[PDB]
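Next comes protein.cif, with mmCIF, C-alpha atoms and all ligand atoms.
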```
data_data
#
loop_
_atom_site.group_PDB
_atom_site.id
_atom_site.type_symbol
_atom_site.label_atom_id
_atom_site.label_comp_id
_atom_site.auth_asym_id
_atom_site.auth_seq_id
_atom_site.Cartn_x
_atom_site.Cartn_y
_atom_site.Cartn_z
ATOM 1 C CA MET A 1 -33.327 -29.428 -13.190
ATOM 2 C CA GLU A 2 -33.071 -33.224 -13.093
ATOM 3 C CA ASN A 3 -30.064 -33.325 -10.744
ATOM 4 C CA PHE A 4 -32.580 -31.868 -8.341
ATOM 5 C CA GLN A 5 -35.744 -33.518 -7.131
ATOM 6 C CA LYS A 6 -38.351 -30.920 -6.204
ATOM 7 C CA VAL A 7 -39.580 -31.555 -2.689
ATOM 8 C CA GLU A 8 -42.268 -28.879 -2.664
ATOM 9 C CA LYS A 9 -42.983 -25.423 -4.044
ATOM 10 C CA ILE A 10 -42.209 -23.033 -1.191
ATOM 11 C CA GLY A 11 -43.622 -19.835 -2.633
ATOM 12 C CA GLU A 12 -43.237 -17.099 -5.238
ATOM 13 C CA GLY A 13 -40.228 -14.863 -4.598
ATOM 14 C CA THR A 14 -39.493 -11.349 -5.841
ATOM 15 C CA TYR A 15 -38.240 -12.677 -9.185
ATOM 16 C CA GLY A 16 -39.652 -16.161 -9.458
ATOM 17 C CA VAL A 17 -40.954 -19.326 -7.862
ATOM 18 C CA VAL A 18 -39.056 -20.882 -4.949
ATOM 19 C CA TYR A 19 -38.847 -24.625 -4.431
ATOM 20 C CA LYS A 20 -37.431 -26.821 -1.707
ATOM 21 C CA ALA A 21 -35.374 -29.441 -3.532
ATOM 22 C CA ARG A 22 -32.915 -32.222 -2.942
ATOM 23 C CA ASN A 23 -29.716 -32.575 -4.916
ATOM 24 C CA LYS A 24 -29.819 -36.222 -6.027
ATOM 25 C CA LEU A 25 -26.040 -36.659 -5.857
ATOM 26 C CA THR A 26 -25.087 -34.819 -2.672
ATOM 27 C CA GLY A 27 -28.426 -35.486 -1.011
ATOM 28 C CA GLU A 28 -28.366 -31.905 0.261
ATOM 29 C CA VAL A 29 -31.633 -30.000 0.635
ATOM 30 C CA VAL A 30 -31.662 -26.500 -0.856
ATOM 31 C CA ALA A 31 -33.954 -23.615 -1.764
ATOM 32 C CA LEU A 32 -34.126 -23.243 -5.565
ATOM 33 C CA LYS A 33 -35.335 -20.003 -7.090
ATOM 34 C CA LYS A 34 -36.386 -20.087 -10.744
ATOM 35 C CA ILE A 35 -36.417 -16.741 -12.534
ATOM 36 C CA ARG A 36 -38.456 -16.272 -15.735
ATOM 37 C CA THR A 41 -38.044 -12.183 -21.743
ATOM 38 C CA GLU A 42 -35.745 -11.664 -24.724
ATOM 39 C CA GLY A 43 -32.465 -9.911 -23.979
ATOM 40 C CA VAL A 44 -30.472 -12.255 -21.737
ATOM 41 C CA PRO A 45 -29.340 -9.986 -18.857
ATOM 42 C CA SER A 46 -25.613 -10.570 -19.323
ATOM 43 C CA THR A 47 -24.591 -7.982 -16.738
ATOM 44 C CA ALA A 48 -27.412 -8.869 -14.352
ATOM 45 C CA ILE A 49 -26.420 -12.523 -14.543
ATOM 46 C CA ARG A 50 -22.749 -11.722 -13.884
ATOM 47 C CA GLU A 51 -23.645 -9.523 -10.895
ATOM 48 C CA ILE A 52 -25.524 -12.369 -9.272
ATOM 49 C CA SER A 53 -22.742 -14.824 -10.050
ATOM 50 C CA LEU A 54 -20.189 -12.809 -8.055
ATOM 51 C CA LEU A 55 -22.357 -13.170 -4.956
ATOM 52 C CA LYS A 56 -21.217 -16.807 -4.795
ATOM 53 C CA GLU A 57 -17.981 -15.549 -3.199
ATOM 54 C CA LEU A 58 -19.862 -13.504 -0.595
ATOM 55 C CA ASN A 59 -19.547 -16.064 2.217
ATOM 56 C CA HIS A 60 -20.337 -15.146 5.876
ATOM 57 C CA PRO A 61 -22.158 -16.882 8.779
ATOM 58 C CA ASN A 62 -24.992 -14.349 8.642
ATOM 59 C CA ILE A 63 -25.507 -14.448 4.895
ATOM 60 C CA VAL A 64 -27.485 -17.290 3.308
ATOM 61 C CA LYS A 65 -25.024 -19.042 0.987
ATOM 62 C CA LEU A 66 -25.622 -18.758 -2.740
ATOM 63 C CA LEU A 67 -24.483 -22.213 -3.797
ATOM 64 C CA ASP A 68 -24.871 -21.896 -7.550
ATOM 65 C CA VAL A 69 -26.278 -19.793 -10.371
ATOM 66 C CA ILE A 70 -27.399 -21.690 -13.480
ATOM 67 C CA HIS A 71 -28.451 -19.962 -16.664
ATOM 68 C CA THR A 72 -30.147 -22.394 -18.993
ATOM 69 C CA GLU A 73 -32.750 -22.066 -21.731
ATOM 70 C CA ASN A 74 -34.682 -18.873 -20.862
ATOM 71 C CA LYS A 75 -34.384 -19.470 -17.108
ATOM 72 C CA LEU A 76 -32.015 -18.498 -14.317
ATOM 73 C CA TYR A 77 -31.831 -20.788 -11.278
ATOM 74 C CA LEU A 78 -30.316 -19.644 -8.010
ATOM 75 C CA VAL A 79 -29.482 -22.448 -5.572
ATOM 76 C CA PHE A 80 -29.371 -21.371 -1.921
ATOM 77 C CA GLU A 81 -28.508 -22.829 1.458
ATOM 78 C CA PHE A 82 -31.855 -23.946 2.981
ATOM 79 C CA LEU A 83 -33.222 -22.593 6.303
ATOM 80 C CA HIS A 84 -36.581 -23.626 7.811
ATOM 81 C CA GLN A 85 -38.173 -20.372 8.971
ATOM 82 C CA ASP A 86 -38.072 -16.640 8.294
ATOM 83 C CA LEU A 87 -38.360 -13.704 10.685
ATOM 84 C CA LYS A 88 -41.790 -12.648 9.430
ATOM 85 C CA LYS A 89 -43.193 -16.037 10.486
ATOM 86 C CA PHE A 90 -41.268 -16.024 13.783
ATOM 87 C CA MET A 91 -42.549 -12.544 14.587
ATOM 88 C CA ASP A 92 -46.113 -13.635 13.868
ATOM 89 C CA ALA A 93 -45.643 -16.752 16.009
ATOM 90 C CA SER A 94 -44.270 -14.593 18.837
ATOM 91 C CA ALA A 95 -46.883 -11.825 18.592
ATOM 92 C CA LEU A 96 -48.790 -12.762 21.766
ATOM 93 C CA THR A 97 -45.729 -12.815 23.973
ATOM 94 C CA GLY A 98 -43.151 -10.832 22.056
ATOM 95 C CA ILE A 99 -39.611 -11.883 21.153
ATOM 96 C CA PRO A 100 -37.438 -11.703 24.305
ATOM 97 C CA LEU A 101 -35.158 -8.639 24.319
ATOM 98 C CA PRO A 102 -32.011 -10.792 24.473
ATOM 99 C CA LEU A 103 -33.086 -12.582 21.254
ATOM 100 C CA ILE A 104 -34.056 -9.299 19.530
ATOM 101 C CA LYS A 105 -30.591 -7.990 20.442
ATOM 102 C CA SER A 106 -28.824 -11.134 19.216
ATOM 103 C CA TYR A 107 -30.696 -11.050 15.881
ATOM 104 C CA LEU A 108 -30.005 -7.318 15.423
ATOM 105 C CA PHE A 109 -26.303 -7.805 16.255
ATOM 106 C CA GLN A 110 -25.985 -10.734 13.843
ATOM 107 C CA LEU A 111 -27.719 -8.855 11.043
ATOM 108 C CA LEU A 112 -25.405 -5.891 11.598
ATOM 109 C CA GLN A 113 -22.386 -8.219 11.331
ATOM 110 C CA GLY A 114 -23.728 -9.535 8.037
ATOM 111 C CA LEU A 115 -24.353 -6.038 6.691
ATOM 112 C CA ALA A 116 -20.942 -4.809 7.871
ATOM 113 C CA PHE A 117 -19.453 -7.677 5.920
ATOM 114 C CA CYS A 118 -21.359 -7.136 2.662
ATOM 115 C CA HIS A 119 -20.941 -3.381 2.830
ATOM 116 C CA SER A 120 -17.181 -3.819 3.299
ATOM 117 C CA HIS A 121 -17.238 -5.808 0.030
ATOM 118 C CA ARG A 122 -19.282 -3.115 -1.692
ATOM 119 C CA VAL A 123 -22.467 -5.184 -1.802
ATOM 120 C CA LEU A 124 -25.838 -3.669 -0.884
ATOM 121 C CA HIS A 125 -28.991 -5.655 -0.173
ATOM 122 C CA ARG A 126 -31.525 -2.894 -1.048
ATOM 123 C CA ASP A 127 -34.681 -4.824 -0.089
ATOM 124 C CA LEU A 128 -34.279 -6.110 3.450
ATOM 125 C CA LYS A 129 -37.526 -7.283 5.063
ATOM 126 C CA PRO A 130 -38.528 -9.913 7.639
ATOM 127 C CA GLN A 131 -39.404 -12.390 4.903
ATOM 128 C CA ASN A 132 -35.847 -12.499 3.598
ATOM 129 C CA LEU A 133 -34.240 -12.885 7.033
ATOM 130 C CA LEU A 134 -33.915 -16.623 7.661
ATOM 131 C CA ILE A 135 -33.459 -18.294 11.017
ATOM 132 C CA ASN A 136 -32.433 -21.703 12.297
ATOM 133 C CA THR A 137 -32.604 -23.724 15.502
ATOM 134 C CA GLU A 138 -29.098 -22.732 16.593
ATOM 135 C CA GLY A 139 -30.062 -19.106 17.180
ATOM 136 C CA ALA A 140 -28.600 -17.860 13.894
ATOM 137 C CA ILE A 141 -30.263 -15.328 11.584
ATOM 138 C CA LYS A 142 -29.091 -14.738 8.005
ATOM 139 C CA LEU A 143 -29.572 -12.187 5.231
ATOM 140 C CA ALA A 144 -30.950 -13.611 1.947
ATOM 141 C CA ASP A 145 -31.844 -12.371 -1.527
ATOM 142 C CA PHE A 146 -29.509 -9.463 -2.216
ATOM 143 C CA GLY A 147 -31.434 -7.451 -4.819
ATOM 144 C CA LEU A 148 -28.578 -5.467 -6.335
ATOM 145 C CA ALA A 149 -31.012 -3.804 -8.760
ATOM 146 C CA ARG A 150 -27.912 -1.681 -9.498
ATOM 147 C CA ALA A 151 -27.384 -3.903 -12.534
ATOM 148 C CA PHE A 152 -30.408 -6.214 -12.378
ATOM 149 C CA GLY A 153 -33.521 -4.192 -11.544
ATOM 150 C CA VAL A 154 -36.332 -4.090 -8.982
ATOM 151 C CA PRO A 155 -39.989 -3.907 -10.198
ATOM 152 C CA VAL A 156 -43.184 -2.970 -8.312
ATOM 153 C CA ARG A 157 -44.262 -6.609 -8.741
ATOM 154 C CA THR A 158 -42.257 -9.767 -7.982
ATOM 155 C CA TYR A 159 -42.784 -11.109 -11.516
ATOM 156 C CA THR A 160 -46.466 -12.026 -11.672
ATOM 157 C CA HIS A 161 -49.094 -9.905 -9.875
ATOM 158 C CA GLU A 162 -47.630 -9.542 -6.363
ATOM 159 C CA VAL A 163 -47.635 -6.266 -4.382
ATOM 160 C CA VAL A 164 -44.157 -4.987 -3.473
ATOM 161 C CA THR A 165 -43.812 -4.195 0.227
ATOM 162 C CA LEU A 166 -42.602 -0.634 0.782
ATOM 163 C CA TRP A 167 -42.613 -0.754 4.601
ATOM 164 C CA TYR A 168 -38.842 -0.942 4.901
ATOM 165 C CA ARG A 169 -37.892 1.447 2.091
ATOM 166 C CA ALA A 170 -35.417 4.257 2.998
ATOM 167 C CA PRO A 171 -36.728 7.802 2.424
ATOM 168 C CA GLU A 172 -34.032 8.654 -0.126
ATOM 169 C CA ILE A 173 -35.322 5.830 -2.328
ATOM 170 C CA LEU A 174 -38.913 7.050 -2.002
ATOM 171 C CA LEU A 175 -37.753 10.582 -2.903
ATOM 172 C CA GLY A 176 -36.283 9.259 -6.118
ATOM 173 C CA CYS A 177 -32.555 9.211 -5.399
ATOM 174 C CA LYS A 178 -30.784 7.454 -8.252
ATOM 175 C CA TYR A 179 -27.803 6.407 -6.225
ATOM 176 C CA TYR A 180 -28.467 4.123 -3.247
ATOM 177 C CA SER A 181 -25.816 3.920 -0.546
ATOM 178 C CA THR A 182 -25.205 1.313 2.154
ATOM 179 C CA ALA A 183 -27.371 3.508 4.380
ATOM 180 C CA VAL A 184 -30.549 2.175 2.748
ATOM 181 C CA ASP A 185 -29.887 -1.203 4.400
ATOM 182 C CA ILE A 186 -29.410 0.358 7.835
ATOM 183 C CA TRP A 187 -32.759 2.140 7.484
ATOM 184 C CA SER A 188 -34.515 -1.136 6.615
ATOM 185 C CA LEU A 189 -32.875 -2.922 9.537
ATOM 186 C CA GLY A 190 -33.911 -0.054 11.840
ATOM 187 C CA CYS A 191 -37.547 -0.532 10.756
ATOM 188 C CA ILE A 192 -37.195 -4.286 11.408
ATOM 189 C CA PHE A 193 -35.654 -3.694 14.868
ATOM 190 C CA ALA A 194 -38.633 -1.460 15.779
ATOM 191 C CA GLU A 195 -41.079 -4.094 14.549
ATOM 192 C CA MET A 196 -39.460 -6.848 16.630
ATOM 193 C CA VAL A 197 -39.773 -4.586 19.690
ATOM 194 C CA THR A 198 -43.349 -3.279 19.285
ATOM 195 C CA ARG A 199 -44.801 -6.256 17.392
ATOM 196 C CA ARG A 200 -46.269 -3.911 14.774
ATOM 197 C CA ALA A 201 -44.699 -2.572 11.572
ATOM 198 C CA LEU A 202 -43.190 0.872 12.080
ATOM 199 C CA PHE A 203 -44.280 2.446 8.772
ATOM 200 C CA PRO A 204 -46.878 0.229 7.048
ATOM 201 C CA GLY A 205 -47.509 2.329 3.950
ATOM 202 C CA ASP A 206 -49.664 1.011 1.129
ATOM 203 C CA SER A 207 -48.353 3.323 -1.632
ATOM 204 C CA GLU A 208 -45.095 5.213 -2.125
ATOM 205 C CA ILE A 209 -46.598 8.493 -0.995
ATOM 206 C CA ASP A 210 -48.437 6.908 1.954
ATOM 207 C CA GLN A 211 -45.113 5.301 2.915
ATOM 208 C CA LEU A 212 -43.323 8.622 2.681
ATOM 209 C CA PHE A 213 -46.009 10.455 4.648
ATOM 210 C CA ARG A 214 -46.126 7.803 7.370
ATOM 211 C CA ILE A 215 -42.381 8.349 7.818
ATOM 212 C CA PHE A 216 -42.862 12.148 7.914
ATOM 213 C CA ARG A 217 -45.716 11.920 10.431
ATOM 214 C CA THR A 218 -43.461 10.058 12.838
ATOM 215 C CA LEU A 219 -40.008 11.519 12.219
ATOM 216 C CA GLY A 220 -41.114 14.970 11.094
ATOM 217 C CA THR A 221 -41.170 16.276 7.525
ATOM 218 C CA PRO A 222 -37.479 16.569 6.594
ATOM 219 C CA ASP A 223 -35.953 19.928 5.747
ATOM 220 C CA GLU A 224 -32.589 21.364 4.735
ATOM 221 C CA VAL A 225 -31.562 21.628 8.386
ATOM 222 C CA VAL A 226 -31.702 17.906 9.186
ATOM 223 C CA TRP A 227 -31.202 16.714 5.606
ATOM 224 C CA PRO A 228 -29.121 19.033 3.426
ATOM 225 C CA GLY A 229 -30.226 18.550 -0.161
ATOM 226 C CA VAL A 230 -33.605 17.020 0.570
ATOM 227 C CA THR A 231 -35.512 19.806 -1.201
ATOM 228 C CA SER A 232 -33.641 19.109 -4.456
ATOM 229 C CA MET A 233 -34.392 15.385 -4.535
ATOM 230 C CA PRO A 234 -36.085 14.122 -7.756
ATOM 231 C CA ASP A 235 -39.520 13.495 -6.251
ATOM 232 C CA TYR A 236 -39.442 16.113 -3.531
ATOM 233 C CA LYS A 237 -42.412 18.502 -3.631
ATOM 234 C CA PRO A 238 -42.503 21.836 -1.774
ATOM 235 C CA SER A 239 -46.183 21.032 -1.312
ATOM 236 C CA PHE A 240 -45.460 18.117 1.055
ATOM 237 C CA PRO A 241 -47.314 18.678 4.339
ATOM 238 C CA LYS A 242 -45.133 19.834 7.212
ATOM 239 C CA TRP A 243 -45.450 17.466 10.165
ATOM 240 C CA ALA A 244 -43.683 17.888 13.504
ATOM 241 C CA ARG A 245 -41.393 15.093 14.671
ATOM 242 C CA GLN A 246 -43.059 12.892 17.285
ATOM 243 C CA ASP A 247 -41.449 12.357 20.671
ATOM 244 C CA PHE A 248 -39.241 9.328 20.150
ATOM 245 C CA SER A 249 -40.358 7.665 23.421
ATOM 246 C CA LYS A 250 -43.778 7.311 21.808
ATOM 247 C CA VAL A 251 -42.508 5.282 18.833
ATOM 248 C CA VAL A 252 -41.007 2.122 20.348
ATOM 249 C CA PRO A 253 -42.178 1.825 23.944
ATOM 250 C CA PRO A 254 -41.050 0.367 26.131
ATOM 251 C CA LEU A 255 -37.576 0.011 24.541
ATOM 252 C CA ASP A 256 -34.833 1.392 26.836
ATOM 253 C CA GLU A 257 -32.733 4.475 26.012
ATOM 254 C CA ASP A 258 -29.810 2.352 24.741
ATOM 255 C CA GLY A 259 -32.106 0.780 22.169
ATOM 256 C CA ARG A 260 -33.871 4.070 21.377
ATOM 257 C CA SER A 261 -30.521 5.811 20.883
ATOM 258 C CA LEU A 262 -29.349 3.151 18.422
ATOM 259 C CA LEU A 263 -32.692 3.167 16.556
ATOM 260 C CA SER A 264 -32.594 6.930 16.243
ATOM 261 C CA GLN A 265 -29.164 6.670 14.636
ATOM 262 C CA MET A 266 -30.360 4.004 12.188
ATOM 263 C CA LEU A 267 -33.305 6.193 11.211
ATOM 264 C CA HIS A 268 -31.587 9.529 10.591
ATOM 265 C CA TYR A 269 -32.954 11.136 7.422
ATOM 266 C CA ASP A 270 -29.548 12.166 6.008
ATOM 267 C CA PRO A 271 -27.913 8.992 4.631
ATOM 268 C CA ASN A 272 -24.586 10.568 5.625
ATOM 269 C CA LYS A 273 -25.640 10.917 9.247
ATOM 270 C CA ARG A 274 -27.219 7.445 9.432
ATOM 271 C CA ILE A 275 -25.029 5.047 11.429
ATOM 272 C CA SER A 276 -22.946 2.445 9.616
ATOM 273 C CA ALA A 277 -23.274 -1.257 10.392
ATOM 274 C CA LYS A 278 -19.693 -1.293 11.743
ATOM 275 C CA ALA A 279 -20.336 1.664 14.053
ATOM 276 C CA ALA A 280 -23.702 0.243 15.199
ATOM 277 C CA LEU A 281 -21.929 -2.938 16.363
ATOM 278 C CA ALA A 282 -20.028 -0.769 18.863
ATOM 279 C CA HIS A 283 -23.136 0.907 20.265
ATOM 280 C CA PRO A 284 -23.654 0.549 24.060
ATOM 281 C CA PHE A 285 -26.926 -1.317 23.313
ATOM 282 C CA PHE A 286 -24.794 -4.402 22.555
ATOM 283 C CA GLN A 287 -22.726 -4.294 25.722
ATOM 284 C CA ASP A 288 -24.653 -7.289 27.127
ATOM 285 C CA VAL A 289 -25.384 -9.110 23.865
ATOM 286 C CA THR A 290 -25.634 -12.907 24.032
ATOM 287 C CA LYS A 291 -26.865 -15.634 21.683
ATOM 288 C CA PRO A 292 -30.099 -17.195 22.969
ATOM 289 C CA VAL A 293 -31.653 -20.367 21.523
ATOM 290 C CA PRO A 294 -35.092 -19.532 20.069
ATOM 291 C CA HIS A 295 -37.935 -21.997 20.373
ATOM 292 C CA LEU A 296 -38.905 -22.784 16.813
ATOM 293 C CA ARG A 297 -41.850 -24.850 15.707
ATOM 294 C CA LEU A 298 -41.006 -26.387 12.312
HETATM 295 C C1 LIG B 1 -36.774 -15.073 0.871
HETATM 296 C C2 LIG B 1 -36.963 -15.846 -0.443
HETATM 297 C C3 LIG B 1 -35.637 -16.354 -1.012
HETATM 298 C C4 LIG B 1 -34.747 -15.172 -1.360
HETATM 299 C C5 LIG B 1 -35.935 -17.120 -2.307
HETATM 300 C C6 LIG B 1 -34.919 -17.252 0.057
HETATM 301 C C7 LIG B 1 -33.475 -17.642 -0.429
HETATM 302 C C8 LIG B 1 -32.714 -18.516 0.613
HETATM 303 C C9 LIG B 1 -33.638 -19.500 1.257
HETATM 304 N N1 LIG B 1 -33.262 -20.546 2.031
HETATM 305 N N2 LIG B 1 -34.310 -21.278 2.475
HETATM 306 C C10 LIG B 1 -35.401 -20.666 1.953
HETATM 307 C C11 LIG B 1 -36.671 -21.134 2.161
HETATM 308 O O1 LIG B 1 -37.629 -20.721 1.517
HETATM 309 N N3 LIG B 1 -36.847 -22.130 3.116
HETATM 310 C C12 LIG B 1 -38.140 -22.766 3.422
HETATM 311 C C13 LIG B 1 -39.052 -21.950 4.299
HETATM 312 C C14 LIG B 1 -38.698 -20.650 4.762
HETATM 313 C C15 LIG B 1 -39.597 -19.929 5.567
HETATM 314 C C16 LIG B 1 -40.840 -20.511 5.904
HETATM 315 S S1 LIG B 1 -41.953 -19.613 6.902
HETATM 316 N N4 LIG B 1 -42.686 -18.417 5.960
HETATM 317 O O2 LIG B 1 -41.217 -19.027 7.978
HETATM 318 O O3 LIG B 1 -42.979 -20.530 7.405
HETATM 319 C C17 LIG B 1 -41.196 -21.795 5.451
HETATM 320 C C18 LIG B 1 -40.296 -22.514 4.646
HETATM 321 C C19 LIG B 1 -35.025 -19.524 1.181
HETATM 322 C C20 LIG B 1 -35.813 -18.504 0.396
#
```
Show me this structure written as structure tokens.
Amino acid sequence: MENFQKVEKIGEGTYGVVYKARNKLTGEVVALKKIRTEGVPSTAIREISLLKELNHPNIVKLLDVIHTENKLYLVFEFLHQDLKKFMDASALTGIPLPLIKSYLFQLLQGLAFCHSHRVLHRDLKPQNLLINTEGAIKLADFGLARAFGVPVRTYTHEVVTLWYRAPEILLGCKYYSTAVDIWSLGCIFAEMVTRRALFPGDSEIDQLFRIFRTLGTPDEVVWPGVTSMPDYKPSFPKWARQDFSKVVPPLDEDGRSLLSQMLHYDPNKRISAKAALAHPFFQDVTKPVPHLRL
């Protein structure tokens, strides 16, 4: 990439290295992800390429996709901070409820949009939620492993975070639905509120059991079909569901009601992004200006 002038290496994404770069003709600053090997993912590459038309205020724009000599470069709209960093910076005081609500509402608008266009994210986490000084928050890095793939390592020795993984994925479901994104966003909502990850598992089974210890071990009553899932084991311990007021104190009942709907075990009972937008929790939603230190 000579049309680009690397500013600095930002980090090492889930597929490759990420650089901050400047386009030497437009002068625009962007985030450039370099991915990687014989096979040339023709379908994977095409999948990604269609995301260029997925344009919405709460989705980080995918400016270009360039396949050239054993490498795939994704050029993205640049934002200066992510939610993981903002949450860490706000840990002592906590993010104000009006800002939590604004961010949740905006993320639901973005998901409602992608889901309406049959696009799933599949790996939502604070680190891929980008924020700016105007109070906006945007979804980035749509995995779409549906025709690309999602390994247990980014690309070179890097532990995959399972904290936001929906239970159906952990139980081996082969077909992900839009509900997996709602589950992840529910986990993120809880984390913004309590300032601690909801289910910080360090292995797939520890992740699954942390979910069961809090929400109760699922059964055919609350999740028809759960006992026939690929990785379901009759030997799973049977934990009682914890009182929900214990999980995200001191969130009010409007917030708790919405969270409970985003965390239903049955993907078919889990609330959609479009329906969540209409939840009473958003009756007084506004768009505060966060104080960001860049
Ligand atoms: C999520 C990774 C992906 C999918 C490649 C993102 C694709 C879209 C994107 N846009 N800007 C960035 C970006 O990286 N900015 C610089 C920056 C962001 C956060 C922080 S931080 N940890 O808040 O201090 C510091 C600098 C990315 C990365």
#### Entry: Explicit residues for the PyMOL selection byres (((not hetatm)) within 9 of (chain B and resi 1)) (as an NGL selection string)
:A and (10-20 or 30-34 or 64-66 or 78-90 or 129-135 or 143-146 or 298)
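Note that atom CA of residue 218 of chain A and atom CA of residue 248 of chain A are 8.5 Å apart.
Closest approach to residue 191 of chain A from the set A:234, A:254, A:35, A:215 is made by A:215, with distances taken over all atoms listed in the file.
Distance check against residue 101 of chain A using all atoms listed in the file: of A:269, A:227, A:240, A:285, the minimum falls on A:285.
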### Message
Since I can't run it myself right now, could you work out what the PyMOL selection byres (((chain A and resi 169) around 8) and not hetatm) selects here and report it as a ChimeraX atom specification?
### Response
/A:127,166-168,170-171,173-174,184,187-188
### Query
For residue 102 of chain A, which residue among A:60, A:139, A:275, A:207 is the nearest when counting only C-alpha atoms?
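That would be A:139, the residue with the smallest distance to residue 102 of chain A.
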### Task
Give the answer as one residue: which of A:296, A:116, A:123, A:7 has the shortest atom-to-atom distance to residue 24 of chain A, using all atoms listed in the file?
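With all atoms listed in the file as the atom set, the closest residue is A:7.
Between atom CA of residue 291 of chain A and atom CA of residue 186 of chain A the interatomic distance comes to 21.3 Å.
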### Task
Quick one: pull the distance between atom CA of residue 75 of chain A and atom CA of residue 159 of chain A, Å, one decimal.
13.1 Å
### Task
Starting from the displayed file, determine the output of the PyMOL selection byres (((chain A and resi 293) around 9) and not hetatm) and express the residue list as a list in words.
residues 103, 137, 138, 139, 140, 291, 292, 294, 295 and 296 of chain A
### Task
Name the residues in contact with residue 243 of chain A at a cut-off of 12 Å, using all atoms listed in the file, excluding same-chain residues fewer than 6 positions from it; report them as a ChimeraX atom specification.
/A:212-223
### Message
Please list as a list in words every residue within 9 Å of residue 253 of chain A, counting all atoms listed in the file and excluding residues in the same chain fewer than 6 positions away.
### Response
residues 197, 198 and 260 of chain A
